Amino acid sequence: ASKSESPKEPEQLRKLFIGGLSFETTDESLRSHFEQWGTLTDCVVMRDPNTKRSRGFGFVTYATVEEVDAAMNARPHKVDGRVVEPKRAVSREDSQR
RNA sequence: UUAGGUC
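Residues numbered from 1 in each chain as written, not as in the entry; some residues may be left out. Chains lettered and ligands numbered in written order. Heavy atoms only, no water.

Judging from the entry metadata, solution NMR is the method by which this structure was determined.

Chemist: Tell me about the sheet that holds strand β5 (residues 82-88), residues and numbers included.
Modeler: In space, the 5 strands of this open sheet follow the order β2-β3-β1-β5-β4, with antiparallel pairing throughout. Where the open sheet ends on each side, the last strands, each with one partner, are β2 (40-45) and β4 (77-79). Strand-to-strand twist across the sheet, computed as the mean angle between neighbouring axes with direction ignored, equals 30°. In the sheet, strand β1 (residues 15-19) pairs with β5 via 4 bridges, with the strands oriented antiparallel. Each bridged residue has a counterpart across the sheet, and for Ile18 the counterpart in β5 is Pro86. On top of the sheet, helix α3 (residues 65-73) reaches β1, β3 (57-62), β4 and β5; it is set at about 140° to β5, its chief contact. (Pairing = 2+ DSSP bridges. Helix = DSSP H or I, 4+ residues; strand = E, 2+ residues; numbered from the N terminus. Axes fitted to C-alpha atoms, helices over the stretch in contact; angles between N-to-C directions. Contact = heavy atoms within 4.5 Å.)

Chemist: Mind laying out α3, listing which residues take part and the relevant values?
Modeler: Turning to α3, its buried residues are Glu67, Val68, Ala71 and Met72. Seen end-on, α3 carries its buried residues on one side only, within an arc spanning 150°. Away from its buried face by more than 90 degrees, α3 exposes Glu66 and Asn73. Those residues of α3 that are buried are in contact with α1 (11-14), β1, β3, β4 and β5. (Buried < 20%, exposed > 50% of the residue type's maximum accessible area, 1.4 Å probe, protein only. Arc of directions from axis to C-beta.)

Chemist: How would you sum up the pairing of β3? Please name residues and give values.
Modeler: Of all 6 residues making up β3, 6 are buried, and the element is well covered by its neighbours. Residue alternation in β3 divides its side chains into two sets, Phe57, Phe59 and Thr61 and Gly58, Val60 and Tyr62, and both sets are buried. Pairing between β2 and β3: 5 bridges, direction antiparallel. Across the sheet, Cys43 pairs through a bridge with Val60, a residue of β3.

As structure tokens, this is what we get:
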């Protein structure tokens, strides 16, 4: 994750929420399977605070919204060998967790 | 294994 960029497009709007992925799906496995319908400026999978392996979901931010759109058209998506569900990233203040 | 990596 983390890209040195001044995005005119909202990070949240360019970010895709990837939930229900493989436990083998890490950052490199995630972005590699998503960098196929665009450029990921910010790819990040959540790992367990204890095991440091996986949490079964992650995030992927493209270079622009139209690449997110392309990934959505690519449903059912496939990363690491797992069929996932890529949704528009909501505000973290929205969920407030 | 689905919301936050976010310091």
